[PDB]
Amino acid sequence: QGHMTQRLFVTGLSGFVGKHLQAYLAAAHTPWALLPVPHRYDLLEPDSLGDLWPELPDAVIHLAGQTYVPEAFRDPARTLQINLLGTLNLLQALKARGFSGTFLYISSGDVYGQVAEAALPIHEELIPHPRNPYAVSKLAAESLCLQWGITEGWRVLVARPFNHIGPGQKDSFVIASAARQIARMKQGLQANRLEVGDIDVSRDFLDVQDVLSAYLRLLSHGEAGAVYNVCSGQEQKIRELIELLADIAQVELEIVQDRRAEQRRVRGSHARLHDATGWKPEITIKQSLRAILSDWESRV
Amino acid sequence: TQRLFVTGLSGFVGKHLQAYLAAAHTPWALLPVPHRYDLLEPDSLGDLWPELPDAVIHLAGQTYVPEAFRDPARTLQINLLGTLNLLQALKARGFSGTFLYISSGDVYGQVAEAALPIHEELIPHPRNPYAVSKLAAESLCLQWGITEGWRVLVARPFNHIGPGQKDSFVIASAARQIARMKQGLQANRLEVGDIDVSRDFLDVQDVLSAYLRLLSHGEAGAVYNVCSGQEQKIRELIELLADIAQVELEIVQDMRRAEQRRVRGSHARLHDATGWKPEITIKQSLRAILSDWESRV
Ligand SMILES: NC(=O)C1=CN([C@@H]2O[C@H](COP(=O)(O)OP(=O)(O)OC[C@H]3O[C@@H](n4cnc5c(N)ncnc54)[C@H](OP(=O)(O)O)[C@@H]3O)[C@@H](O)[C@H]2O)C=CC1
Ligand SMILES: NC(=O)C1=CN([C@@H]2O[C@H](COP(=O)(O)OP(=O)(O)OC[C@H]3O[C@@H](n4cnc5c(N)ncnc54)[C@H](OP(=O)(O)O)[C@@H]3O)[C@@H](O)[C@H]2O)C=CC1
C-alpha cells in the first residue's frame, strides 16, 4: 500500500514555509514521513541538538535561519552565526548521530545579486554577487553544505527559491502588505488608498505550495552536489499583481507614491529542476493572490 | 604616497611584504601596528589606526587545511567573522579606501584537466572548510564594496614558494630535509606522499608584486587569480632541489592518491589590468629556499 516511506526531519517548522510544509505533508500522498521535533532547539547551541532524532532521518530539509534582510544589515555577525555556524552545528549534530542521508539546504535566489537583463533568465551557471549580509550568509552556507557532501559522502542538494507568495509571508513584502491592506479596505478598516514605493519592477513568483513541491521532488530526484533554482520562469509586474488583488477583492483603490529599485526585472530559469525532477508550477497567480486575501479576511 | 595597513604582518607572506615595502620605492607607506590585536576581539581593533589607511591588505587568518578539518567552526570564526570584525572596525573608524582581500586558488576545488587553465569565471567548488571560509570571506568583502562603496578587490593566489613558508608544505619540507642531507644531518632518504601531481607555483616576491599592482590598478569589485600559469610536477621540483644541493636523493613512499592531479591557473585577467608577470624563475626560488635552509642548519 502506497509509498516506501522515508523519515524526513525539517528545521524551521514554525516559520512561514515550515508551517505550510507540515500542512502539506499532513494532507498529501508522499513517501516522506515528517519526524516529530522532541523539544525546542537553538541552532546556535550544539547541546540543544543532541537528542533531536530518536529515529534517524533519511532526509533533512533545512529551512531555519535569520531570513530578514534589514535584520542582517543591522547585525551581520548574528546573521552569519545563525545561518552559517548554525548550519554547521546542525551538520555536525547529524553526523554525530549517524546521519548519512539526503540534506537539502534551502538558499535563496537573492544570492545572485544584480543581473543584467541580457543575462535573463537567471541560470545556475551565473556567478552570484550577493549584495547584503543575508545573501552572503546563504551563499556561504551553500558552499559549506556542498563541501560536507564532498567530504562526508552525503547526498547534498541546494535549492535557490525566488519570490514566494502565501499566507504567513513577511508583511514587509509589498504583495503581502498590499493584500493585508486591501482586506482591511473590504472591512472598512482603512481608506481605499495604497502607499507604495517602486512597484514598476518585475519579479519571479511562486505559490509557497509550488515551492514546497519542488523541495520534495528534489529529495526524490535531485542529483547529489547540484544547485537548483526554484522559480516560475515568469516575470510579474508588482503593479499588475496589486491590480489583480484589488480585482479579486472587488475593491477600487488609488495607488499613491509614498528611490527607484536597482534591479528592474528578475526572471529565473527552472530548466535544471524540471529536467532533474519533473517538477512544474501548478498554482495560478490568481489562486495564490486569492488565498492570501482570504487568509487576511479572517485575521483583520 | 598612500597609507597602507596590512593584517597578518607576522605571517609568512606578511614578513616578506614588510621587507619588500622597505626595499622598493612603491606608492605605499606601511602603517605601524600600535598594539597586538585579535580579529576575534572587536575591542582590540578600534584604536589600530591613529592615521586612517587609504588601503588595506587583509592577509591574517587560519591558513592550514588540516586545522580547518579539525575545527571548522574555529576556522569560519577566524576567517569569516574575523574579516567582518575588521570591516566593521574600519567602517567605524571612517575608512572608505581600498580593501584587498587575499583568498586562495584552493576555492576552486576539483577542476577537469580539460578545463585548465583555471580562470575566474569558473564556478568554485570548495572541498574543505578552509576553502569554504575563504570563498565566504570573498563574498562578504565584495558585498561590503557594494553596500559601503569601498574599492574592494579579491586575489586568489595559487601555490607560494619562499623562505619562511609553512614547514608542512611539501616543497618547504623537502628543501629543509635536503639542506640537512647536505650537512649530513639526515640520511639521503625522503619519505613523501603523492608527489605525482602538478601545481601552479609562484615565488612569494612575485605574489607580493601582484598584490601591490592590484592596489593601484585592479578594478573595484573584481576577483583576480595570482598564479604563474605553468604547472610544476612536485617530483621534478624535489629533483631540482637535490640537484642544486648536489645531494643524491632516494624517494620512499609512505599512501592515497591525490584527488586533483594537475592545477594550472590563468593570470590573464591580472596581467591585462596591471601588466604584472612573474619575474623569478622556479630554480631561483628553490635556490633561495635551499640557501635559507642552509644558514638555518
Ligand atoms: N520567505 C521567503 O519569501 C523566502 C524564503 N527563503 C528561505 O526559505 C527558508 C524559510 O523562510 P521562512 O519560512 O520565510 O522563514 P521564517 O523567518 O518565517 O522562519 C525561520 C524559522 O527558523 C527558525 N529559527 C531561526 N533562528 C533559529 C535558531 N537560531 N535556531 C533554531 N531555529 C531557528 C525560526 O524558529 P523561531 O521563530 O522559533 O526562531 C523559524 O521556524 C529560509 O531558509 C529562507 O532564507 C528564501 C527565499 C524566499
Ligand atoms: N602561504 C601560502 O602558501 C598560501 C597562503 N594564502 C593566503 O595568504 C594569506 C597569508 O598566508 P601566510 O602568510 O602563509 O599565513 P600565516 O599562517 O603564515 O600567517 C597568518 C597570520 O594571521 C595572523 N592571525 C591569525 N589569526 C589571527 C587573529 N585571530 N587575529 C589576528 N591576527 C591573526 C597571524 O598572527 P599570529 O602569528 O600572531 O597568529 C599571522 O600573522 C592567508 O590569507 C592565506 O590563506 C593563499 C594560498 C596559499
# chains A, B, ... in the order shown; residues from 1 in each chain; ligands from 1
>>> select_by_dssp(residues="region 207-266 of chain A", states="helix (DSSP H, G or I)", output="PyMOL selection string")
chain A and resi 208-221+238-249
>>> write_last_selection(atoms="N, CA, C and O atoms", output="mmCIF file, in the first residue's frame")
data_model
loop_
_atom_site.group_PDB
_atom_site.id
_atom_site.type_symbol
_atom_site.label_atom_id
_atom_site.label_comp_id
_atom_site.auth_asym_id
_atom_site.auth_seq_id
_atom_site.Cartn_x
_atom_site.Cartn_y
_atom_site.Cartn_z
ATOM 1 N N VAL A 208 3.723 29.310 -2.364
ATOM 2 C CA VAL A 208 4.516 28.525 -1.416
ATOM 3 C C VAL A 208 4.300 27.027 -1.613
ATOM 4 O O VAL A 208 5.208 26.225 -1.373
ATOM 5 N N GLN A 209 3.106 26.623 -2.052
ATOM 6 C CA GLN A 209 2.861 25.198 -2.267
ATOM 7 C C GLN A 209 3.655 24.655 -3.455
ATOM 8 O O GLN A 209 4.080 23.490 -3.438
ATOM 9 N N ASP A 210 3.856 25.466 -4.495
ATOM 10 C CA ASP A 210 4.701 25.014 -5.598
ATOM 11 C C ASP A 210 6.161 24.959 -5.171
ATOM 12 O O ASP A 210 6.905 24.068 -5.603
ATOM 13 N N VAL A 211 6.577 25.892 -4.302
ATOM 14 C CA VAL A 211 7.926 25.848 -3.748
ATOM 15 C C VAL A 211 8.123 24.572 -2.942
ATOM 16 O O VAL A 211 9.135 23.879 -3.087
ATOM 17 N N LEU A 212 7.163 24.254 -2.061
ATOM 18 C CA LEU A 212 7.249 23.021 -1.286
ATOM 19 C C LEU A 212 7.336 21.797 -2.181
ATOM 20 O O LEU A 212 8.061 20.842 -1.878
ATOM 21 N N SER A 213 6.531 21.765 -3.231
ATOM 22 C CA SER A 213 6.502 20.570 -4.063
ATOM 23 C C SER A 213 7.832 20.393 -4.780
ATOM 24 O O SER A 213 8.300 19.265 -4.976
ATOM 25 N N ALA A 214 8.471 21.507 -5.134
ATOM 26 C CA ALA A 214 9.808 21.443 -5.709
ATOM 27 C C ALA A 214 10.804 20.849 -4.728
ATOM 28 O O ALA A 214 11.661 20.065 -5.130
ATOM 29 N N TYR A 215 10.724 21.216 -3.429
ATOM 30 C CA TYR A 215 11.685 20.675 -2.459
ATOM 31 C C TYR A 215 11.521 19.171 -2.301
ATOM 32 O O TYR A 215 12.512 18.428 -2.209
ATOM 33 N N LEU A 216 10.275 18.702 -2.235
ATOM 34 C CA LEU A 216 10.047 17.262 -2.077
ATOM 35 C C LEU A 216 10.483 16.488 -3.321
ATOM 36 O O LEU A 216 10.990 15.358 -3.214
ATOM 37 N N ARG A 217 10.270 17.058 -4.508
ATOM 38 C CA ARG A 217 10.730 16.379 -5.729
ATOM 39 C C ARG A 217 12.251 16.390 -5.837
ATOM 40 O O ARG A 217 12.848 15.451 -6.388
ATOM 41 N N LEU A 218 12.893 17.420 -5.282
ATOM 42 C CA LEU A 218 14.347 17.411 -5.201
ATOM 43 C C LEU A 218 14.835 16.286 -4.295
ATOM 44 O O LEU A 218 15.797 15.579 -4.637
ATOM 45 N N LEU A 219 14.200 16.117 -3.122
ATOM 46 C CA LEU A 219 14.546 14.993 -2.254
ATOM 47 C C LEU A 219 14.412 13.674 -3.001
ATOM 48 O O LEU A 219 15.230 12.766 -2.820
ATOM 49 N N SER A 220 13.370 13.547 -3.825
ATOM 50 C CA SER A 220 13.155 12.286 -4.532
ATOM 51 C C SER A 220 14.100 12.110 -5.715
ATOM 52 O O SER A 220 14.487 10.978 -6.019
ATOM 53 N N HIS A 221 14.472 13.193 -6.401
ATOM 54 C CA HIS A 221 15.068 13.062 -7.729
ATOM 55 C C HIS A 221 16.327 13.890 -7.962
ATOM 56 O O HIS A 221 16.987 13.680 -8.990
ATOM 57 N N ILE A 238 4.901 44.104 -10.258
ATOM 58 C CA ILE A 238 4.277 44.321 -8.953
ATOM 59 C C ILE A 238 2.944 45.047 -9.099
ATOM 60 O O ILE A 238 1.951 44.696 -8.446
ATOM 61 N N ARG A 239 2.898 46.061 -9.969
ATOM 62 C CA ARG A 239 1.685 46.857 -10.122
ATOM 63 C C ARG A 239 0.524 46.016 -10.643
ATOM 64 O O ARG A 239 -0.621 46.172 -10.192
ATOM 65 N N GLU A 240 0.799 45.128 -11.602
ATOM 66 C CA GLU A 240 -0.244 44.251 -12.124
ATOM 67 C C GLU A 240 -0.723 43.262 -11.070
ATOM 68 O O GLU A 240 -1.912 42.936 -11.022
ATOM 69 N N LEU A 241 0.177 42.775 -10.210
ATOM 70 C CA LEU A 241 -0.272 41.934 -9.103
ATOM 71 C C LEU A 241 -1.173 42.708 -8.147
ATOM 72 O O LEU A 241 -2.197 42.184 -7.693
ATOM 73 N N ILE A 242 -0.810 43.956 -7.823
ATOM 74 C CA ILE A 242 -1.659 44.765 -6.943
ATOM 75 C C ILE A 242 -3.031 44.983 -7.570
ATOM 76 O O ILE A 242 -4.064 44.896 -6.890
ATOM 77 N N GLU A 243 -3.064 45.277 -8.872
ATOM 78 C CA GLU A 243 -4.336 45.439 -9.563
ATOM 79 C C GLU A 243 -5.162 44.155 -9.520
ATOM 80 O O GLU A 243 -6.383 44.205 -9.328
ATOM 81 N N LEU A 244 -4.514 42.995 -9.689
ATOM 82 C CA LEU A 244 -5.247 41.733 -9.618
ATOM 83 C C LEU A 244 -5.762 41.468 -8.208
ATOM 84 O O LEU A 244 -6.856 40.919 -8.039
ATOM 85 N N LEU A 245 -5.003 41.856 -7.180
ATOM 86 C CA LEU A 245 -5.513 41.747 -5.816
ATOM 87 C C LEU A 245 -6.786 42.574 -5.636
ATOM 88 O O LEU A 245 -7.784 42.087 -5.102
ATOM 89 N N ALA A 246 -6.754 43.844 -6.058
ATOM 90 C CA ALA A 246 -7.938 44.698 -5.984
ATOM 91 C C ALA A 246 -9.111 44.085 -6.734
ATOM 92 O O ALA A 246 -10.245 44.096 -6.240
ATOM 93 N N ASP A 247 -8.857 43.545 -7.929
ATOM 94 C CA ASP A 247 -9.918 42.916 -8.708
ATOM 95 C C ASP A 247 -10.511 41.725 -7.961
ATOM 96 O O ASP A 247 -11.738 41.582 -7.864
ATOM 97 N N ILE A 248 -9.652 40.862 -7.416
ATOM 98 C CA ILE A 248 -10.144 39.708 -6.663
ATOM 99 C C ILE A 248 -10.960 40.166 -5.461
ATOM 100 O O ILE A 248 -11.983 39.560 -5.112
ATOM 101 N N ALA A 249 -10.527 41.246 -4.813
ATOM 102 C CA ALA A 249 -11.175 41.726 -3.599
ATOM 103 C C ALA A 249 -12.451 42.510 -3.870
ATOM 104 O O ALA A 249 -13.183 42.811 -2.919
#
>>> interface_residues(of="chain B", to="chain A", cutoff="12 Å", atoms="only C-alpha atoms", output="mmCIF file with N, CA, C and O atoms, in the first residue's frame")
data_model
loop_
_atom_site.group_PDB
_atom_site.id
_atom_site.type_symbol
_atom_site.label_atom_id
_atom_site.label_comp_id
_atom_site.auth_asym_id
_atom_site.auth_seq_id
_atom_site.Cartn_x
_atom_site.Cartn_y
_atom_site.Cartn_z
ATOM 1 N N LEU B 40 39.215 38.245 16.347
ATOM 2 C CA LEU B 40 38.050 37.735 17.056
ATOM 3 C C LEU B 40 37.607 38.648 18.198
ATOM 4 O O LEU B 40 36.592 38.366 18.844
ATOM 5 N N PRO B 42 36.620 42.407 18.760
ATOM 6 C CA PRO B 42 36.413 43.740 18.183
ATOM 7 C C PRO B 42 36.966 44.866 19.029
ATOM 8 O O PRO B 42 37.365 45.895 18.472
ATOM 9 N N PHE B 69 39.843 21.250 9.046
ATOM 10 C CA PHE B 69 39.108 19.995 9.213
ATOM 11 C C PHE B 69 38.951 19.630 10.681
ATOM 12 O O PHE B 69 37.918 19.078 11.077
ATOM 13 N N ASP B 71 38.722 21.705 13.300
ATOM 14 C CA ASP B 71 37.736 22.621 13.933
ATOM 15 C C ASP B 71 37.183 23.579 12.874
ATOM 16 O O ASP B 71 37.659 24.728 12.812
ATOM 17 N N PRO B 72 36.203 23.159 12.044
ATOM 18 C CA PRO B 72 35.635 24.028 11.009
ATOM 19 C C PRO B 72 35.081 25.331 11.605
ATOM 20 O O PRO B 72 35.336 26.382 11.049
ATOM 21 N N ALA B 73 34.343 25.221 12.714
ATOM 22 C CA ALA B 73 33.740 26.398 13.382
ATOM 23 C C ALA B 73 34.817 27.450 13.667
ATOM 24 O O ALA B 73 34.600 28.626 13.316
ATOM 25 N N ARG B 74 35.931 27.038 14.279
ATOM 26 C CA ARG B 74 37.029 27.984 14.612
ATOM 27 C C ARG B 74 37.562 28.643 13.337
ATOM 28 O O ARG B 74 37.798 29.858 13.363
ATOM 29 N N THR B 75 37.745 27.864 12.270
ATOM 30 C CA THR B 75 38.275 28.439 11.036
ATOM 31 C C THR B 75 37.281 29.414 10.410
ATOM 32 O O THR B 75 37.680 30.467 9.898
ATOM 33 N N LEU B 76 35.981 29.115 10.485
ATOM 34 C CA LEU B 76 34.996 30.066 9.983
ATOM 35 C C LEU B 76 34.959 31.325 10.840
ATOM 36 O O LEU B 76 34.802 32.440 10.315
ATOM 37 N N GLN B 77 35.110 31.169 12.161
ATOM 38 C CA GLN B 77 35.178 32.327 13.047
ATOM 39 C C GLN B 77 36.351 33.229 12.683
ATOM 40 O O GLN B 77 36.181 34.431 12.484
ATOM 41 N N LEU B 80 36.068 34.222 8.521
ATOM 42 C CA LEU B 80 34.896 34.980 8.088
ATOM 43 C C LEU B 80 34.491 36.037 9.107
ATOM 44 O O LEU B 80 34.386 37.216 8.763
ATOM 45 N N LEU B 81 34.269 35.644 10.360
ATOM 46 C CA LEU B 81 33.863 36.629 11.364
ATOM 47 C C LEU B 81 35.019 37.553 11.734
ATOM 48 O O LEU B 81 34.797 38.725 12.072
ATOM 49 N N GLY B 82 36.260 37.054 11.680
ATOM 50 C CA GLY B 82 37.399 37.941 11.871
ATOM 51 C C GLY B 82 37.470 39.002 10.788
ATOM 52 O O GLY B 82 37.758 40.170 11.060
ATOM 53 N N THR B 83 37.170 38.620 9.548
ATOM 54 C CA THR B 83 37.120 39.603 8.467
ATOM 55 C C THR B 83 35.989 40.603 8.677
ATOM 56 O O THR B 83 36.172 41.812 8.499
ATOM 57 N N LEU B 84 34.810 40.117 9.054
ATOM 58 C CA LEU B 84 33.717 41.035 9.364
ATOM 59 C C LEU B 84 34.120 42.027 10.451
ATOM 60 O O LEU B 84 33.865 43.236 10.330
ATOM 61 N N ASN B 85 34.750 41.539 11.525
ATOM 62 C CA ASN B 85 35.136 42.433 12.628
ATOM 63 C C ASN B 85 36.097 43.499 12.146
ATOM 64 O O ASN B 85 36.038 44.649 12.584
ATOM 65 N N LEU B 86 37.007 43.122 11.254
ATOM 66 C CA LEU B 86 37.907 44.096 10.663
ATOM 67 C C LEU B 86 37.144 45.093 9.795
ATOM 68 O O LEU B 86 37.400 46.302 9.859
ATOM 69 N N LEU B 87 36.243 44.600 8.929
ATOM 70 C CA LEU B 87 35.452 45.509 8.097
ATOM 71 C C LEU B 87 34.672 46.504 8.968
ATOM 72 O O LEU B 87 34.647 47.708 8.681
ATOM 73 N N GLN B 88 34.034 46.009 10.036
ATOM 74 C CA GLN B 88 33.230 46.871 10.905
ATOM 75 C C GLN B 88 34.090 47.851 11.688
ATOM 76 O O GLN B 88 33.655 48.983 11.940
ATOM 77 N N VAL B 107 39.943 27.750 -3.426
ATOM 78 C CA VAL B 107 38.484 27.839 -3.502
ATOM 79 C C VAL B 107 37.919 27.087 -4.706
ATOM 80 O O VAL B 107 36.757 26.647 -4.673
ATOM 81 N N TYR B 108 38.710 26.891 -5.765
ATOM 82 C CA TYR B 108 38.134 26.308 -6.974
ATOM 83 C C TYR B 108 37.701 24.860 -6.760
ATOM 84 O O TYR B 108 36.651 24.440 -7.270
ATOM 85 N N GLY B 109 38.471 24.088 -6.009
ATOM 86 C CA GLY B 109 38.139 22.679 -5.849
ATOM 87 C C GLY B 109 38.542 21.865 -7.069
ATOM 88 O O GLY B 109 39.535 22.158 -7.743
ATOM 89 N N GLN B 110 37.742 20.838 -7.361
ATOM 90 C CA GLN B 110 38.072 19.882 -8.412
ATOM 91 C C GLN B 110 37.760 20.470 -9.769
ATOM 92 O O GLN B 110 36.632 20.890 -10.026
ATOM 93 N N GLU B 120 38.808 32.989 -13.816
ATOM 94 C CA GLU B 120 37.940 33.498 -12.753
ATOM 95 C C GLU B 120 36.448 33.325 -13.047
ATOM 96 O O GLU B 120 35.628 33.586 -12.165
ATOM 97 N N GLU B 121 36.058 32.935 -14.255
ATOM 98 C CA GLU B 121 34.648 32.679 -14.487
ATOM 99 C C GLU B 121 34.253 31.234 -14.199
ATOM 100 O O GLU B 121 33.088 30.888 -14.372
ATOM 101 N N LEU B 122 35.184 30.386 -13.776
ATOM 102 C CA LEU B 122 34.819 29.042 -13.345
ATOM 103 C C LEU B 122 34.150 29.103 -11.982
ATOM 104 O O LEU B 122 34.670 29.734 -11.059
ATOM 105 N N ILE B 123 33.030 28.405 -11.829
ATOM 106 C CA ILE B 123 32.352 28.446 -10.533
ATOM 107 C C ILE B 123 33.159 27.623 -9.537
ATOM 108 O O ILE B 123 33.425 26.441 -9.787
ATOM 109 N N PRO B 124 33.555 28.186 -8.400
ATOM 110 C CA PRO B 124 34.363 27.422 -7.443
ATOM 111 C C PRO B 124 33.530 26.408 -6.667
ATOM 112 O O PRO B 124 32.331 26.592 -6.436
ATOM 113 N N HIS B 125 34.177 25.306 -6.285
ATOM 114 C CA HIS B 125 33.522 24.227 -5.536
ATOM 115 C C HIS B 125 34.444 23.801 -4.412
ATOM 116 O O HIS B 125 35.055 22.728 -4.452
ATOM 117 N N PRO B 126 34.538 24.619 -3.364
ATOM 118 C CA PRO B 126 35.458 24.334 -2.257
ATOM 119 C C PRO B 126 35.239 22.950 -1.672
ATOM 120 O O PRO B 126 34.101 22.515 -1.465
ATOM 121 N N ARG B 127 36.348 22.275 -1.354
ATOM 122 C CA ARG B 127 36.296 20.901 -0.878
ATOM 123 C C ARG B 127 36.704 20.748 0.578
ATOM 124 O O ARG B 127 36.683 19.623 1.089
ATOM 125 N N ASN B 128 37.067 21.831 1.266
ATOM 126 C CA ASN B 128 37.459 21.713 2.662
ATOM 127 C C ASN B 128 37.014 22.985 3.380
ATOM 128 O O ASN B 128 36.663 23.974 2.730
ATOM 129 N N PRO B 129 36.965 22.974 4.717
ATOM 130 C CA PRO B 129 36.393 24.142 5.417
ATOM 131 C C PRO B 129 37.240 25.388 5.275
ATOM 132 O O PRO B 129 36.708 26.503 5.363
ATOM 133 N N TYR B 130 38.545 25.244 5.068
ATOM 134 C CA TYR B 130 39.365 26.426 4.824
ATOM 135 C C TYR B 130 38.934 27.104 3.537
ATOM 136 O O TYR B 130 38.674 28.317 3.512
ATOM 137 N N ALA B 131 38.814 26.323 2.459
ATOM 138 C CA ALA B 131 38.403 26.895 1.179
ATOM 139 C C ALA B 131 36.988 27.461 1.259
ATOM 140 O O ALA B 131 36.692 28.485 0.633
ATOM 141 N N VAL B 132 36.095 26.801 2.002
ATOM 142 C CA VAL B 132 34.762 27.366 2.221
ATOM 143 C C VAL B 132 34.877 28.746 2.868
ATOM 144 O O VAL B 132 34.240 29.711 2.432
ATOM 145 N N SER B 133 35.703 28.854 3.905
ATOM 146 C CA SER B 133 35.785 30.091 4.681
ATOM 147 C C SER B 133 36.358 31.224 3.850
ATOM 148 O O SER B 133 35.931 32.385 3.996
ATOM 149 N N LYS B 134 37.287 30.887 2.949
ATOM 150 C CA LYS B 134 37.882 31.878 2.062
ATOM 151 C C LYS B 134 36.865 32.374 1.043
ATOM 152 O O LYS B 134 36.707 33.586 0.852
ATOM 153 N N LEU B 135 36.155 31.446 0.381
ATOM 154 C CA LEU B 135 35.104 31.853 -0.547
ATOM 155 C C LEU B 135 34.032 32.677 0.162
ATOM 156 O O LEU B 135 33.511 33.649 -0.401
ATOM 157 N N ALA B 136 33.684 32.295 1.392
ATOM 158 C CA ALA B 136 32.684 33.068 2.136
ATOM 159 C C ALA B 136 33.197 34.475 2.453
ATOM 160 O O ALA B 136 32.452 35.455 2.333
ATOM 161 N N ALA B 137 34.461 34.590 2.873
ATOM 162 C CA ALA B 137 35.029 35.906 3.145
ATOM 163 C C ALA B 137 35.145 36.742 1.875
ATOM 164 O O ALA B 137 34.964 37.966 1.933
ATOM 165 N N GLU B 138 35.431 36.115 0.721
ATOM 166 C CA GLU B 138 35.415 36.869 -0.532
ATOM 167 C C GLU B 138 34.074 37.547 -0.735
ATOM 168 O O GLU B 138 34.012 38.747 -1.023
ATOM 169 N N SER B 139 32.982 36.776 -0.621
ATOM 170 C CA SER B 139 31.661 37.337 -0.892
ATOM 171 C C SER B 139 31.331 38.428 0.109
ATOM 172 O O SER B 139 30.770 39.462 -0.262
ATOM 173 N N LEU B 140 31.695 38.220 1.375
ATOM 174 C CA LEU B 140 31.477 39.257 2.381
ATOM 175 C C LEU B 140 32.194 40.543 2.001
ATOM 176 O O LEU B 140 31.595 41.622 2.019
ATOM 177 N N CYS B 141 33.476 40.449 1.637
ATOM 178 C CA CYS B 141 34.218 41.665 1.310
ATOM 179 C C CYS B 141 33.623 42.358 0.089
ATOM 180 O O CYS B 141 33.470 43.587 0.071
ATOM 181 N N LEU B 142 33.304 41.584 -0.965
ATOM 182 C CA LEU B 142 32.705 42.186 -2.156
ATOM 183 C C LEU B 142 31.331 42.802 -1.849
ATOM 184 O O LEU B 142 30.958 43.817 -2.453
ATOM 185 N N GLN B 143 30.559 42.184 -0.952
ATOM 186 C CA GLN B 143 29.269 42.766 -0.566
ATOM 187 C C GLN B 143 29.481 44.105 0.128
ATOM 188 O O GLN B 143 28.751 45.073 -0.128
ATOM 189 N N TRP B 144 30.493 44.180 0.992
ATOM 190 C CA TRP B 144 30.826 45.454 1.623
ATOM 191 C C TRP B 144 31.229 46.506 0.594
ATOM 192 O O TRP B 144 30.859 47.685 0.720
ATOM 193 N N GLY B 145 31.947 46.095 -0.463
ATOM 194 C CA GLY B 145 32.231 47.035 -1.541
ATOM 195 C C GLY B 145 30.967 47.598 -2.161
ATOM 196 O O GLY B 145 30.873 48.800 -2.434
ATOM 197 N N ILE B 146 29.969 46.740 -2.366
ATOM 198 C CA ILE B 146 28.703 47.171 -2.947
ATOM 199 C C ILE B 146 27.965 48.102 -1.989
ATOM 200 O O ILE B 146 27.490 49.171 -2.388
ATOM 201 N N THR B 147 27.855 47.715 -0.716
ATOM 202 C CA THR B 147 26.980 48.471 0.186
ATOM 203 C C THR B 147 27.659 49.719 0.733
ATOM 204 O O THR B 147 27.004 50.753 0.923
ATOM 205 N N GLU B 148 28.960 49.651 1.015
ATOM 206 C CA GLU B 148 29.689 50.799 1.540
ATOM 207 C C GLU B 148 30.337 51.647 0.451
ATOM 208 O O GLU B 148 30.750 52.775 0.731
ATOM 209 N N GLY B 149 30.405 51.154 -0.776
ATOM 210 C CA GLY B 149 31.067 51.908 -1.833
ATOM 211 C C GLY B 149 32.582 51.903 -1.772
ATOM 212 O O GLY B 149 33.213 52.666 -2.507
ATOM 213 N N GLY B 221 35.591 45.581 -7.171
ATOM 214 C CA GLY B 221 34.604 44.522 -7.226
ATOM 215 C C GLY B 221 35.046 43.273 -7.973
ATOM 216 O O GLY B 221 34.260 42.324 -8.070
ATOM 217 N N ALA B 222 36.277 43.222 -8.478
ATOM 218 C CA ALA B 222 36.701 42.097 -9.307
ATOM 219 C C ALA B 222 37.591 41.121 -8.538
ATOM 220 O O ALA B 222 38.277 41.496 -7.584
ATOM 221 N N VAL B 223 37.599 39.858 -9.011
ATOM 222 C CA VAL B 223 38.421 38.767 -8.479
ATOM 223 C C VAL B 223 39.578 38.509 -9.450
ATOM 224 O O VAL B 223 39.360 38.442 -10.662
ATOM 225 N N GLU B 259 43.336 13.799 -5.130
ATOM 226 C CA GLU B 259 42.072 13.980 -5.891
ATOM 227 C C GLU B 259 42.331 14.833 -7.139
ATOM 228 O O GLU B 259 41.820 14.472 -8.210
#
>>> closest_atom_pairs(of="chain B", to="ligand 2", cutoff="7 Å", atoms="only C-alpha atoms and all ligand atoms", output="tab-separated table")
residue	atom	partner	partner_atom_place_in_ligand_line	distance
B:7	CA	ligand 2	32 (N)	6.7
B:8	CA	ligand 2	41 (O)	3.3
B:9	CA	ligand 2	41 (O)	5.0
B:10	CA	ligand 2	41 (O)	3.7
B:11	CA	ligand 2	19 (O)	3.3
B:12	CA	ligand 2	13 (O)	3.7
B:13	CA	ligand 2	13 (O)	3.6
B:14	CA	ligand 2	13 (O)	5.5
B:37	CA	ligand 2	31 (C)	5.8
B:38	CA	ligand 2	30 (N)	3.5
B:39	CA	ligand 2	30 (N)	3.8
B:40	CA	ligand 2	29 (N)	5.3
B:59	CA	ligand 2	43 (O)	4.2
B:60	CA	ligand 2	22 (O)	3.3
B:61	CA	ligand 2	25 (C)	4.0
B:62	CA	ligand 2	25 (C)	5.5
B:63	CA	ligand 2	45 (O)	4.5
B:78	CA	ligand 2	29 (N)	5.4
B:82	CA	ligand 2	29 (N)	6.5
B:102	CA	ligand 2	43 (O)	5.1
B:103	CA	ligand 2	43 (O)	5.8
B:104	CA	ligand 2	46 (C)	4.4
B:105	CA	ligand 2	47 (C)	6.5
B:157	CA	ligand 2	46 (C)	5.3
B:158	CA	ligand 2	47 (C)	5.5
B:159	CA	ligand 2	48 (C)	5.3
B:160	CA	ligand 2	3 (O)	4.4
B:161	CA	ligand 2	3 (O)	6.9
B:165	CA	ligand 2	1 (N)	6.3
B:166	CA	ligand 2	18 (O)	6.7
>>> write_last_selection(atoms="C-alpha atoms", output="CSV table (one decimal), in the first residue's frame")
chain,number,residue,atom,x,y,z
B,7,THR,CA,47.0,42.5,8.7
B,8,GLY,CA,49.0,39.3,9.2
B,9,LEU,CA,52.3,41.1,9.1
B,10,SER,CA,53.8,38.4,11.4
B,11,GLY,CA,53.0,35.6,9.0
B,12,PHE,CA,54.9,34.1,6.0
B,13,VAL,CA,53.6,36.5,3.3
B,14,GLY,CA,53.4,39.5,5.6
B,37,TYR,CA,45.2,42.7,18.2
B,38,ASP,CA,42.9,39.7,17.7
B,39,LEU,CA,40.4,39.8,14.8
B,40,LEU,CA,38.0,37.7,17.1
B,59,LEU,CA,46.4,38.6,5.0
B,60,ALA,CA,45.5,37.4,8.5
B,61,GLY,CA,43.7,34.2,9.4
B,62,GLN,CA,43.7,30.5,9.8
B,63,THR,CA,45.6,29.2,6.8
B,78,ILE,CA,38.7,33.5,12.3
B,82,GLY,CA,37.4,37.9,11.9
B,102,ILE,CA,43.7,37.7,0.0
B,103,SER,CA,41.8,34.5,-0.8
B,104,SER,CA,43.2,31.3,-2.3
B,105,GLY,CA,43.2,29.3,-5.5
B,157,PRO,CA,46.9,33.3,-5.2
B,158,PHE,CA,47.9,29.8,-6.0
B,159,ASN,CA,50.8,27.8,-4.5
B,160,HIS,CA,53.6,30.0,-2.9
B,161,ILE,CA,57.3,29.3,-2.6
B,165,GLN,CA,56.9,29.0,4.3
B,166,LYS,CA,55.0,26.6,6.5
